[PDB]
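J.: Below is data09.pdb; it holds PDB, C-alpha atoms and all ligand atoms.
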MODEL        1
ATOM      1  CA  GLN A  65      -3.319 -14.273  -3.889  1.00  0.00           C
ATOM      2  CA  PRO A  66      -3.265 -10.891  -5.649  1.00  0.00           C
ATOM      3  CA  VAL A  67      -4.442 -10.592  -9.255  1.00  0.00           C
ATOM      4  CA  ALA A  68      -2.482  -8.010 -11.183  1.00  0.00           C
ATOM      5  CA  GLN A  69      -4.480  -5.070 -12.567  1.00  0.00           C
ATOM      6  CA  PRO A  70      -4.304  -3.074 -15.846  1.00  0.00           C
ATOM      7  CA  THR A  71      -1.748  -0.320 -15.448  1.00  0.00           C
ATOM      8  CA  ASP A  72      -3.479   2.355 -17.534  1.00  0.00           C
ATOM      9  CA  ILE A  73      -6.604   3.443 -15.706  1.00  0.00           C
ATOM     10  CA  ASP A  74      -6.491   7.247 -15.947  1.00  0.00           C
ATOM     11  CA  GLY A  75      -9.739   9.076 -15.462  1.00  0.00           C
ATOM     12  CA  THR A  76     -12.377  10.269 -13.027  1.00  0.00           C
ATOM     13  CA  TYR A  77     -14.577   7.654 -11.301  1.00  0.00           C
ATOM     14  CA  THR A  78     -17.561   8.437  -9.084  1.00  0.00           C
ATOM     15  CA  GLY A  79     -19.752   6.494  -6.716  1.00  0.00           C
ATOM     16  CA  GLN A  80     -21.207   6.437  -3.223  1.00  0.00           C
ATOM     17  CA  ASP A  81     -20.095   5.231   0.160  1.00  0.00           C
ATOM     18  CA  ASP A  82     -22.507   5.532   3.077  1.00  0.00           C
ATOM     19  CA  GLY A  83     -24.469   8.235   1.313  1.00  0.00           C
ATOM     20  CA  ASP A  84     -21.321  10.331   0.616  1.00  0.00           C
ATOM     21  CA  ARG A  85     -20.295  10.886  -2.969  1.00  0.00           C
ATOM     22  CA  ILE A  86     -16.774   9.630  -3.777  1.00  0.00           C
ATOM     23  CA  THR A  87     -14.808  11.096  -6.667  1.00  0.00           C
ATOM     24  CA  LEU A  88     -11.558   9.298  -7.592  1.00  0.00           C
ATOM     25  CA  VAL A  89      -9.213  11.036  -9.997  1.00  0.00           C
ATOM     26  CA  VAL A  90      -6.498   8.744 -11.317  1.00  0.00           C
ATOM     27  CA  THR A  91      -3.342   9.814 -13.082  1.00  0.00           C
ATOM     28  CA  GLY A  92      -0.651   7.183 -13.836  1.00  0.00           C
ATOM     29  CA  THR A  93      -0.108   5.263 -10.601  1.00  0.00           C
ATOM     30  CA  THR A  94      -1.482   7.854  -8.219  1.00  0.00           C
ATOM     31  CA  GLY A  95      -4.680   9.787  -7.608  1.00  0.00           C
ATOM     32  CA  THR A  96      -6.965  11.634  -5.221  1.00  0.00           C
ATOM     33  CA  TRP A  97      -9.943  10.215  -3.444  1.00  0.00           C
ATOM     34  CA  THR A  98     -12.506  12.836  -2.501  1.00  0.00           C
ATOM     35  CA  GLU A  99     -15.451  12.315  -0.200  1.00  0.00           C
ATOM     36  CA  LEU A 100     -18.267  14.901  -0.325  1.00  0.00           C
ATOM     37  CA  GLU A 101     -20.225  15.080   2.915  1.00  0.00           C
ATOM     38  CA  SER A 102     -23.872  16.080   3.118  1.00  0.00           C
ATOM     39  CA  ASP A 103     -22.942  19.503   4.544  1.00  0.00           C
ATOM     40  CA  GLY A 104     -20.683  20.264   1.554  1.00  0.00           C
ATOM     41  CA  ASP A 105     -17.316  19.741   3.215  1.00  0.00           C
ATOM     42  CA  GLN A 106     -14.925  17.468   1.359  1.00  0.00           C
ATOM     43  CA  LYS A 107     -12.296  15.112   2.636  1.00  0.00           C
ATOM     44  CA  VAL A 108      -9.436  14.628   0.230  1.00  0.00           C
ATOM     45  CA  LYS A 109      -6.969  11.712   0.534  1.00  0.00           C
ATOM     46  CA  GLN A 110      -3.909  10.885  -1.563  1.00  0.00           C
ATOM     47  CA  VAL A 111      -4.164   7.567  -3.418  1.00  0.00           C
ATOM     48  CA  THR A 112      -1.537   5.240  -4.797  1.00  0.00           C
ATOM     49  CA  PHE A 113      -2.124   2.249  -7.004  1.00  0.00           C
ATOM     50  CA  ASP A 114      -0.019  -0.869  -6.828  1.00  0.00           C
ATOM     51  CA  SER A 115      -1.106  -2.695  -9.964  1.00  0.00           C
ATOM     52  CA  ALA A 116       0.943  -5.872  -9.559  1.00  0.00           C
ATOM     53  CA  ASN A 117      -0.430  -6.600  -6.086  1.00  0.00           C
ATOM     54  CA  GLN A 118      -3.892  -5.120  -6.666  1.00  0.00           C
ATOM     55  CA  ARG A 119      -3.517  -2.685  -3.698  1.00  0.00           C
ATOM     56  CA  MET A 120      -4.775   0.848  -3.417  1.00  0.00           C
ATOM     57  CA  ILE A 121      -3.762   2.973  -0.529  1.00  0.00           C
ATOM     58  CA  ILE A 122      -5.872   5.932   0.375  1.00  0.00           C
ATOM     59  CA  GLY A 123      -4.303   8.145   2.957  1.00  0.00           C
ATOM     60  CA  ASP A 124      -2.830   5.318   4.926  1.00  0.00           C
ATOM     61  CA  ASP A 125      -5.681   2.843   4.661  1.00  0.00           C
ATOM     62  CA  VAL A 126      -5.017  -0.204   2.472  1.00  0.00           C
ATOM     63  CA  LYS A 127      -7.679  -1.417   0.009  1.00  0.00           C
ATOM     64  CA  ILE A 128      -7.915  -4.028  -2.704  1.00  0.00           C
ATOM     65  CA  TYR A 129      -9.074  -2.733  -6.077  1.00  0.00           C
ATOM     66  CA  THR A 130     -10.317  -4.428  -9.225  1.00  0.00           C
ATOM     67  CA  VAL A 131     -10.550  -2.735 -12.637  1.00  0.00           C
ATOM     68  CA  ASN A 132     -13.335  -3.731 -15.073  1.00  0.00           C
ATOM     69  CA  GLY A 133     -13.287  -1.304 -17.963  1.00  0.00           C
ATOM     70  CA  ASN A 134     -14.785   1.993 -16.692  1.00  0.00           C
ATOM     71  CA  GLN A 135     -15.559   0.510 -13.321  1.00  0.00           C
ATOM     72  CA  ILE A 136     -13.243   0.254 -10.317  1.00  0.00           C
ATOM     73  CA  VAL A 137     -14.393  -1.898  -7.405  1.00  0.00           C
ATOM     74  CA  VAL A 138     -12.787  -1.045  -4.064  1.00  0.00           C
ATOM     75  CA  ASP A 139     -12.745  -3.633  -1.235  1.00  0.00           C
ATOM     76  CA  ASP A 140     -11.482  -3.884   2.304  1.00  0.00           C
ATOM     77  CA  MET A 141      -8.678  -6.378   2.860  1.00  0.00           C
ATOM     78  CA  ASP A 142     -11.071  -8.857   4.371  1.00  0.00           C
ATOM     79  CA  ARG A 143     -13.354  -8.262   1.341  1.00  0.00           C
ATOM     80  CA  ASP A 144     -16.318  -7.498   3.595  1.00  0.00           C
ATOM     81  CA  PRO A 145     -19.160  -7.179   1.039  1.00  0.00           C
ATOM     82  CA  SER A 146     -20.841  -4.414   3.003  1.00  0.00           C
ATOM     83  CA  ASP A 147     -17.734  -2.291   2.656  1.00  0.00           C
ATOM     84  CA  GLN A 148     -17.430  -2.671  -1.095  1.00  0.00           C
ATOM     85  CA  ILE A 149     -17.482   0.535  -3.114  1.00  0.00           C
ATOM     86  CA  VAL A 150     -18.125   0.571  -6.831  1.00  0.00           C
ATOM     87  CA  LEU A 151     -16.996   3.630  -8.777  1.00  0.00           C
ATOM     88  CA  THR A 152     -17.558   4.368 -12.417  1.00  0.00           C
ATOM     89  CA  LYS A 153     -16.262   6.869 -14.915  1.00  0.00           C
TER      90      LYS A 153
ATOM     91  CA  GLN B  65       6.626  12.877  -4.488  1.00  0.00           C
ATOM     92  CA  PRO B  66       7.385   9.152  -4.786  1.00  0.00           C
ATOM     93  CA  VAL B  67      10.624   7.983  -6.402  1.00  0.00           C
ATOM     94  CA  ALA B  68      10.179   4.761  -8.313  1.00  0.00           C
ATOM     95  CA  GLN B  69      12.248   1.791  -7.106  1.00  0.00           C
ATOM     96  CA  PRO B  70      14.084  -1.054  -8.923  1.00  0.00           C
ATOM     97  CA  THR B  71      11.630  -3.851  -9.579  1.00  0.00           C
ATOM     98  CA  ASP B  72      13.999  -6.796  -9.109  1.00  0.00           C
ATOM     99  CA  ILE B  73      14.960  -6.970  -5.458  1.00  0.00           C
ATOM    100  CA  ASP B  74      14.615 -10.676  -4.627  1.00  0.00           C
ATOM    101  CA  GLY B  75      16.480 -11.922  -1.611  1.00  0.00           C
ATOM    102  CA  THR B  76      16.666 -12.080   2.164  1.00  0.00           C
ATOM    103  CA  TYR B  77      17.426  -8.856   4.086  1.00  0.00           C
ATOM    104  CA  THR B  78      18.058  -8.647   7.826  1.00  0.00           C
ATOM    105  CA  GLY B  79      18.307  -5.884  10.374  1.00  0.00           C
ATOM    106  CA  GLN B  80      17.055  -4.684  13.737  1.00  0.00           C
ATOM    107  CA  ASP B  81      14.113  -2.706  14.989  1.00  0.00           C
ATOM    108  CA  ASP B  82      13.910  -1.903  18.695  1.00  0.00           C
ATOM    109  CA  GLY B  83      16.231  -4.758  19.548  1.00  0.00           C
ATOM    110  CA  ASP B  84      14.145  -7.302  17.558  1.00  0.00           C
ATOM    111  CA  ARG B  85      15.719  -8.954  14.557  1.00  0.00           C
ATOM    112  CA  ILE B  86      13.805  -8.377  11.298  1.00  0.00           C
ATOM    113  CA  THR B  87      14.122 -10.806   8.406  1.00  0.00           C
ATOM    114  CA  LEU B  88      12.545  -9.715   5.093  1.00  0.00           C
ATOM    115  CA  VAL B  89      12.229 -12.309   2.358  1.00  0.00           C
ATOM    116  CA  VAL B  90      11.365 -10.798  -1.008  1.00  0.00           C
ATOM    117  CA  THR B  91      10.099 -12.666  -4.029  1.00  0.00           C
ATOM    118  CA  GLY B  92       8.912 -10.670  -7.086  1.00  0.00           C
ATOM    119  CA  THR B  93       6.567  -7.989  -5.758  1.00  0.00           C
ATOM    120  CA  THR B  94       5.703  -9.635  -2.469  1.00  0.00           C
ATOM    121  CA  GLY B  95       7.435 -10.950   0.630  1.00  0.00           C
ATOM    122  CA  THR B  96       7.320 -11.784   4.321  1.00  0.00           C
ATOM    123  CA  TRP B  97       8.486  -9.600   7.134  1.00  0.00           C
ATOM    124  CA  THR B  98       9.453 -11.548  10.233  1.00  0.00           C
ATOM    125  CA  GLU B  99      10.145 -10.075  13.637  1.00  0.00           C
ATOM    126  CA  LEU B 100      12.015 -12.263  16.158  1.00  0.00           C
ATOM    127  CA  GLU B 101      11.276 -11.303  19.749  1.00  0.00           C
ATOM    128  CA  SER B 102      13.715 -11.794  22.604  1.00  0.00           C
ATOM    129  CA  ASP B 103      11.698 -14.757  23.931  1.00  0.00           C
ATOM    130  CA  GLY B 104      11.945 -16.576  20.576  1.00  0.00           C
ATOM    131  CA  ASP B 105       8.415 -15.985  19.328  1.00  0.00           C
ATOM    132  CA  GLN B 106       8.145 -14.607  15.813  1.00  0.00           C
ATOM    133  CA  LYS B 107       5.619 -12.294  14.276  1.00  0.00           C
ATOM    134  CA  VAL B 108       5.170 -12.828  10.573  1.00  0.00           C
ATOM    135  CA  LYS B 109       3.475 -10.238   8.315  1.00  0.00           C
ATOM    136  CA  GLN B 110       2.712 -10.380   4.594  1.00  0.00           C
ATOM    137  CA  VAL B 111       4.506  -7.712   2.550  1.00  0.00           C
ATOM    138  CA  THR B 112       3.750  -6.174  -0.808  1.00  0.00           C
ATOM    139  CA  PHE B 113       5.988  -3.880  -2.781  1.00  0.00           C
ATOM    140  CA  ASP B 114       4.666  -1.092  -4.942  1.00  0.00           C
ATOM    141  CA  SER B 115       7.762  -0.114  -6.893  1.00  0.00           C
ATOM    142  CA  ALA B 116       6.336   2.800  -8.876  1.00  0.00           C
ATOM    143  CA  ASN B 117       5.111   4.624  -5.770  1.00  0.00           C
ATOM    144  CA  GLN B 118       7.884   3.435  -3.444  1.00  0.00           C
ATOM    145  CA  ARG B 119       5.357   1.908  -0.961  1.00  0.00           C
ATOM    146  CA  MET B 120       5.703  -1.240   1.067  1.00  0.00           C
ATOM    147  CA  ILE B 121       2.794  -2.564   2.981  1.00  0.00           C
ATOM    148  CA  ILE B 122       3.416  -4.895   5.846  1.00  0.00           C
ATOM    149  CA  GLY B 123       0.291  -6.452   7.203  1.00  0.00           C
ATOM    150  CA  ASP B 124      -1.793  -3.367   6.782  1.00  0.00           C
ATOM    151  CA  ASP B 125       0.759  -0.765   7.804  1.00  0.00           C
ATOM    152  CA  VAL B 126       2.069   1.448   4.994  1.00  0.00           C
ATOM    153  CA  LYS B 127       5.808   2.207   4.730  1.00  0.00           C
ATOM    154  CA  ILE B 128       8.082   3.958   2.281  1.00  0.00           C
ATOM    155  CA  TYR B 129      11.042   1.903   1.092  1.00  0.00           C
ATOM    156  CA  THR B 130      14.247   2.770  -0.727  1.00  0.00           C
ATOM    157  CA  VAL B 131      16.506   0.221  -2.447  1.00  0.00           C
ATOM    158  CA  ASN B 132      20.293   0.793  -2.550  1.00  0.00           C
ATOM    159  CA  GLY B 133      21.917  -2.338  -3.891  1.00  0.00           C
ATOM    160  CA  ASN B 134      21.805  -4.956  -1.088  1.00  0.00           C
ATOM    161  CA  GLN B 135      20.291  -2.507   1.336  1.00  0.00           C
ATOM    162  CA  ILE B 136      16.610  -1.675   1.791  1.00  0.00           C
ATOM    163  CA  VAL B 137      15.753   1.324   3.960  1.00  0.00           C
ATOM    164  CA  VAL B 138      12.246   1.273   5.434  1.00  0.00           C
ATOM    165  CA  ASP B 139      10.616   4.532   6.627  1.00  0.00           C
ATOM    166  CA  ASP B 140       7.353   5.627   8.155  1.00  0.00           C
ATOM    167  CA  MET B 141       5.193   7.849   5.966  1.00  0.00           C
ATOM    168  CA  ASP B 142       6.224  10.904   7.906  1.00  0.00           C
ATOM    169  CA  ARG B 143       9.861   9.737   7.507  1.00  0.00           C
ATOM    170  CA  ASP B 144      10.455   9.973  11.254  1.00  0.00           C
ATOM    171  CA  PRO B 145      14.218   9.265  11.477  1.00  0.00           C
ATOM    172  CA  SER B 146      13.839   7.370  14.731  1.00  0.00           C
ATOM    173  CA  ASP B 147      11.545   4.903  13.017  1.00  0.00           C
ATOM    174  CA  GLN B 148      13.866   4.175  10.121  1.00  0.00           C
ATOM    175  CA  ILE B 149      14.895   0.557   9.665  1.00  0.00           C
ATOM    176  CA  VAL B 150      17.845  -0.453   7.542  1.00  0.00           C
ATOM    177  CA  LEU B 151      17.971  -4.041   6.308  1.00  0.00           C
ATOM    178  CA  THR B 152      20.732  -5.707   4.380  1.00  0.00           C
ATOM    179  CA  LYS B 153      21.166  -8.939   2.497  1.00  0.00           C
TER     180      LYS B 153
HETATM  181 CL    CL A 201     -10.476  -3.868 -17.409  1.00  0.00          CL
HETATM  182 CL    CL A 202      19.761  -0.051  -6.107  1.00  0.00          CL
HETATM  183  K     K A 203     -11.486   2.316 -18.838  1.00  0.00           K
HETATM  184  K     K A 204      20.771  -6.235  -4.677  1.00  0.00           K
ENDMDL
END
For this file, produce the structure as structure tokens.
Ligand SMILES: [Cl-]
Ligand SMILES: [Cl-]
Ligand SMILES: [K+]
Ligand SMILES: [K+]
T.:
Amino acid sequence: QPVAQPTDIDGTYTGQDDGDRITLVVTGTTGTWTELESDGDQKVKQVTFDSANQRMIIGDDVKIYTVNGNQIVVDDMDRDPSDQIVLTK
Amino acid sequence: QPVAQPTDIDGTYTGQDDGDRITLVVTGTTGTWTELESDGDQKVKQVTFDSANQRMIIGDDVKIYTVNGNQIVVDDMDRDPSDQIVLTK
């Protein structure tokens, strides 16, 4: 039951996940997902966006994403509400 | 470095993986990946095809796929040659 997403979503979205700042840079159908830890280290993962099936892969972890204007909402596959991450550009 | 794949690849592809028969049924941008074990049980996983980034997700495992006419070649992300699966319709 995937809802297809807008295909043009270029930009830089930020938000929080477990107190770490997330920065998602999107270009075309790919991007980078960067997690800033409290000590200043960053973890950078490659992202790919599958717009027709509403899937975003970061590194090799599969998420569901939803685009609402400047906001991208990232969910686990089970849609666990406590794992939801909202990013905004 | 993803090469974009043809978007119309409907059909039923079969092959082998570790002596199990794989049957991949593709419809639009989704499909089912079925593994037949030697005892007759089957394992069925949902598949999604991301054509622009050349990614296929089965269940929640990420693969790279390549379409050559009636043949679909499925690779691990590291492209380990011993993990390659060739399916044909
Ligand atoms: Cl939108
Ligand atoms: Cl082809
Ligand atoms: K926007
Ligand atoms: K074909």
J.: Tell me which residues the PyMOL selection byres (((not hetatm)) within 8 of (chain A and resi 202)) grabs here, as a ChimeraX atom specification.
T.: /B:69-70,131-135
J.: What does the PyMOL selection byres ((chain B) within 8 of (chain A and not hetatm)) select in this file, as a PyMOL selection string?
T.: chain B and resi 93-94+112-117+124-126
J.: I need the residue nearest ligand K 204 (chain A) from this list: B:136, B:122, B:101, B:144. Use only C-alpha atoms and all ligand atoms for the distance.
T.: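 So, comparing all the options, the nearest one is B:136.
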J.: Which one of A:78, A:98, A:129, A:142 sits closest to ligand CL 201 (chain A) if you count all atoms listed in the file?
T.: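 Among the listed residues, A:129 lies closest to ligand CL 201 (chain A).
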J.: Give me the box for segment 68-77 of chain A as JSON, namely the centre and edge lengths in Å to one decimal of a box along x, y and z that holds every listed atom plus 5 Å on each side.
T.:
{"center_x": -8.2, "center_y": 1.1, "center_z": -14.4, "size_x": 22.8, "size_y": 28.3, "size_z": 16.4}
J.: Quick one: residues within 7 Å of residue 108 of chain B, all atoms listed in the file counted, chain neighbours fewer than 4 positions away excluded, as number ranges by chain?
T.: B: 96-99
J.: Between B:80, B:110, B:146, B:71, which residue has the minimum interatomic distance to ligand K 204 (chain A), considering all atoms listed in the file?
T.: B:71
J.: With all atoms listed in the file as the atoms that count, which of A:105, A:153, A:90, A:147 lies nearest to ligand K 203 (chain A)?
T.: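 Using all atoms listed in the file, the shortest distance to ligand K 203 (chain A) belongs to A:153.
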J.: N, CA, C and O atoms are needed for segment 74-91 of chain B; please write them out as an mmCIF file, keeping the file's coordinate frame.
T.:
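Written output follows (result23.cif):
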data_model
loop_
_atom_site.group_PDB
_atom_site.id
_atom_site.type_symbol
_atom_site.label_atom_id
_atom_site.label_comp_id
_atom_site.auth_asym_id
_atom_site.auth_seq_id
_atom_site.Cartn_x
_atom_site.Cartn_y
_atom_site.Cartn_z
ATOM 1 N N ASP B 74 14.651 -9.378 -5.306
ATOM 2 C CA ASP B 74 14.615 -10.676 -4.627
ATOM 3 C C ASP B 74 15.766 -10.836 -3.671
ATOM 4 O O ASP B 74 16.913 -10.449 -3.988
ATOM 5 N N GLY B 75 15.453 -11.427 -2.521
ATOM 6 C CA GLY B 75 16.480 -11.922 -1.611
ATOM 7 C C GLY B 75 16.019 -11.878 -0.180
ATOM 8 O O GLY B 75 14.865 -11.610 0.090
ATOM 9 N N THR B 76 16.948 -12.073 0.732
ATOM 10 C CA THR B 76 16.666 -12.080 2.164
ATOM 11 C C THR B 76 17.491 -10.998 2.871
ATOM 12 O O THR B 76 18.718 -11.018 2.815
ATOM 13 N N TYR B 77 16.808 -10.024 3.462
ATOM 14 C CA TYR B 77 17.426 -8.856 4.086
ATOM 15 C C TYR B 77 17.208 -8.967 5.585
ATOM 16 O O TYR B 77 16.114 -9.311 6.008
ATOM 17 N N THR B 78 18.212 -8.614 6.387
ATOM 18 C CA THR B 78 18.058 -8.647 7.826
ATOM 19 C C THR B 78 18.499 -7.347 8.439
ATOM 20 O O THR B 78 19.281 -6.591 7.844
ATOM 21 N N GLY B 79 17.975 -7.080 9.623
ATOM 22 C CA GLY B 79 18.307 -5.884 10.374
ATOM 23 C C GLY B 79 17.625 -5.952 11.739
ATOM 24 O O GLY B 79 17.159 -7.022 12.198
ATOM 25 N N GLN B 80 17.523 -4.798 12.375
ATOM 26 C CA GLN B 80 17.055 -4.684 13.737
ATOM 27 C C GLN B 80 16.063 -3.580 13.823
ATOM 28 O O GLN B 80 16.219 -2.551 13.160
ATOM 29 N N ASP B 81 15.094 -3.748 14.707
ATOM 30 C CA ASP B 81 14.113 -2.706 14.989
ATOM 31 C C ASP B 81 13.778 -2.838 16.453
ATOM 32 O O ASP B 81 13.180 -3.826 16.847
ATOM 33 N N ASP B 82 14.197 -1.870 17.265
ATOM 34 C CA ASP B 82 13.910 -1.903 18.695
ATOM 35 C C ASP B 82 14.441 -3.155 19.343
ATOM 36 O O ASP B 82 13.719 -3.814 20.093
ATOM 37 N N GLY B 83 15.680 -3.513 19.036
ATOM 38 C CA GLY B 83 16.231 -4.758 19.548
ATOM 39 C C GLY B 83 15.681 -6.089 19.014
ATOM 40 O O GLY B 83 16.241 -7.136 19.344
ATOM 41 N N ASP B 84 14.606 -6.078 18.212
ATOM 42 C CA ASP B 84 14.145 -7.302 17.558
ATOM 43 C C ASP B 84 14.813 -7.474 16.221
ATOM 44 O O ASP B 84 14.940 -6.523 15.488
ATOM 45 N N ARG B 85 15.199 -8.690 15.883
ATOM 46 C CA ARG B 85 15.719 -8.954 14.557
ATOM 47 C C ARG B 85 14.596 -9.052 13.517
ATOM 48 O O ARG B 85 13.613 -9.769 13.704
ATOM 49 N N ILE B 86 14.754 -8.333 12.417
ATOM 50 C CA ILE B 86 13.805 -8.377 11.298
ATOM 51 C C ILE B 86 14.431 -9.192 10.194
ATOM 52 O O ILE B 86 15.605 -9.014 9.873
ATOM 53 N N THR B 87 13.663 -10.092 9.608
ATOM 54 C CA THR B 87 14.122 -10.806 8.406
ATOM 55 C C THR B 87 13.049 -10.580 7.305
ATOM 56 O O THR B 87 11.853 -10.896 7.484
ATOM 57 N N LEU B 88 13.463 -9.991 6.196
ATOM 58 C CA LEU B 88 12.545 -9.715 5.093
ATOM 59 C C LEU B 88 12.931 -10.585 3.926
ATOM 60 O O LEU B 88 14.042 -10.484 3.404
ATOM 61 N N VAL B 89 12.017 -11.452 3.518
ATOM 62 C CA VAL B 89 12.229 -12.309 2.358
ATOM 63 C C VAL B 89 11.382 -11.766 1.202
ATOM 64 O O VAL B 89 10.160 -11.650 1.307
ATOM 65 N N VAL B 90 12.037 -11.413 0.107
ATOM 66 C CA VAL B 90 11.365 -10.798 -1.008
ATOM 67 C C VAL B 90 11.355 -11.720 -2.199
ATOM 68 O O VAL B 90 12.376 -12.247 -2.586
ATOM 69 N N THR B 91 10.197 -11.886 -2.807
ATOM 70 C CA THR B 91 10.099 -12.666 -4.029
ATOM 71 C C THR B 91 9.194 -11.898 -4.991
ATOM 72 O O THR B 91 8.006 -11.774 -4.705
#
